[PDB]
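Working notes for the structure below.
There are 2 protein chains.
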Amino acid sequence: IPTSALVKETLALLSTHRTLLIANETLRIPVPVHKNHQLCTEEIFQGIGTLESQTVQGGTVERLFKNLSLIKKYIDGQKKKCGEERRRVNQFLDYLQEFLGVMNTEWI
Amino acid sequence: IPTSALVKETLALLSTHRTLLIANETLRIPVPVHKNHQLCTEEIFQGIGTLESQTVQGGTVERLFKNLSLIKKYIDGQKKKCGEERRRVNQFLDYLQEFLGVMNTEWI
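Written as structure tokens, this is what we have:
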């Protein structure tokens with residue numbers, strides 16, 4: 024369905040399985056000191072991995088881990104679409120402007 | 024002077040210098056086909072060093088390239104800040120609901 028809809032759902036599932044997930048008091052997982060989230064997508068996804076390995080594979084927990092794999096592959100698909108069209112320097116420059124605009128408008 | 028001031032400078036600078044940089048009419052740089060700008064930061068920094076080696080140095084365009092080197096050392100700082108604190112599982116989960124929140128309710 025809409026990945027859009029699936030985020031909204033994956034949020035609900037995280038929520039109904041926290042006791043199970045938090046029960047492991049020894050795991051120490053990688054958490055980012057900052058809020059520019061899109062730069063840490065893959066210390067985030069090796070974190071869902073160490074979770075997943077230490078977790079009892081209990082039937083409904085799996086549609087949580089299943090939804091997080093369908094969001095992984097899509098980020099990975101977009102990281103791929105990063106270096107794929109080769110365009111002229113004015114198109115690269117408008118894009119780079121647009122990236123600096125975001126740093127100045129959105130970050131920190 | 025500070026990283027946020029530098030981001031304001033570099034944008035002024037890129038707009039000043041467009042004509043010098045599009046004079047490379049033959050150069051073809053990889054441009055992302057989507058707007059999730061921050062997944063592609065290191066394909067963007069590869070695009071700038073190519074442009075850096077196709078342009079006359081020594082004039083006013085060297086502030087743009089020296090700035091852009093600084094902004095990249097800033098992002099490389101934020102990035103190793105993504106995995107230097109190892110902390111407990113419920114704290115890892117709190118970063119994950121924000122991450123999924125941003126994806127739906129605030130995505131760039």
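Protein sequence lines, in the order shown, are assigned to chains A and B.
Terminal number for the first sequence in UniProt numbering: 131, no gaps in between.
Terminal number for the second sequence in UniProt numbering: 131, no gaps in between.
In this text, a Cβ means the ideal position worked out from N, Cα and C, and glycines have one as well.
Apart from the five residues on each side of it in sequence, which residues of its chain come closer than 8 Å, Cβ to Cβ, to residue i?
| i | result |
| --- | --- |
| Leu29 (chain B) | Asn90, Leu93 and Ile94 |
| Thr33 (chain A) | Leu87, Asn90, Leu91 and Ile94 |
| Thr26 (chain A) | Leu93, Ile94 and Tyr97 |
Can you check whether the C-beta of residue i is within less than 7 Å of a C-beta belonging to chain B?
| i | result |
| --- | --- |
| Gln101 (chain A) | yes |
| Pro53 (chain A) | yes |
| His40 (chain A) | no |
| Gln80 (chain A) | no |
| residue 1 (chain A) | Only positions 24 to 131 of chain A appear in this structure, which leaves residue 1 (chain A) out of reach. |
| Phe68 (chain A) | no |
| residue 8 (chain A) | Outside the displayed range of chain A (24 to 131) lies residue 8 (chain A), so it cannot be described from this structure. |
For residue i, count neighbouring C-beta atoms within 10 Å of its own C-beta (all shown protein chains included) and say buried if the count is 16 or more, exposed if not.
| i | result |
| --- | --- |
| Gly82 (chain B) | exposed |
| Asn113 (chain B) | exposed |
| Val84 (chain B) | buried |
| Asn127 (chain A) | exposed |
| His57 (chain B) | exposed |
| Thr49 (chain B) | exposed |
By Cβ distance, which residues of its chain are closer than 6 Å to residue i, with the 5 residues on each side in sequence left out?
| i | result |
| --- | --- |
| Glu66 (chain A) | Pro53 |
| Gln77 (chain B) | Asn47 and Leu50 |
How far does the alpha helix (DSSP H) with residue i in it reach, from first residue to last?
| i | result |
| --- | --- |
| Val79 (chain B) | It is not in any alpha helix (DSSP H) - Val79 (chain B) carries neither H nor E in the DSSP assignment. |
| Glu121 (chain B) | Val112 to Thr128 |
| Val54 (chain B) | Unbroken run through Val54 (chain B) is the beta strand (DSSP E), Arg51 to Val54; no alpha helix (DSSP H). |
| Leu36 (chain A) | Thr26 to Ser38 |
For residue i and chain A, any beta-carbon pair shorter than 7 Å?
| i | result |
| --- | --- |
| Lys104 (chain B) | yes |
| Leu93 (chain B) | no |
| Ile24 (chain B) | no |
| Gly72 (chain B) | no |
| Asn47 (chain B) | yes |
| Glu108 (chain B) | yes |
| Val84 (chain B) | no |
Once you ignore the five residues that flank residue i on each side, which residues in its own chain have a CB closer than 7 Å to its CB?
| i | result |
| --- | --- |
| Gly70 (chain B) | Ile52 and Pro53 |
Tell me whether residue i counts as near the ligand NAP, meaning its Cβ is closer than 6 Å to at least one heavy atom of that ligand.
| i | result |
| --- | --- |
| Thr128 (chain B) | Ligands displayed in this structure: none; no statement on the ligand NAP is therefore possible. |
Answer yes if the region 95-102 of chain A comes into contact with the region 33-47 of chain B, meaning at least three C-beta pairs across the two stretches below 8 Å, and no otherwise. Because the criterion of three Cβ pairs below 8 Å is not met, the region 33-47 of chain B and the region 95-102 of chain A do not touch.
Given 8 Å as the limit, is there contact between the region 101-109 of chain B and the region 48-55 of chain A, that is, 3 or more CB pairs closer than that? Yes: at least three Cβ pairs fall under 8 Å.
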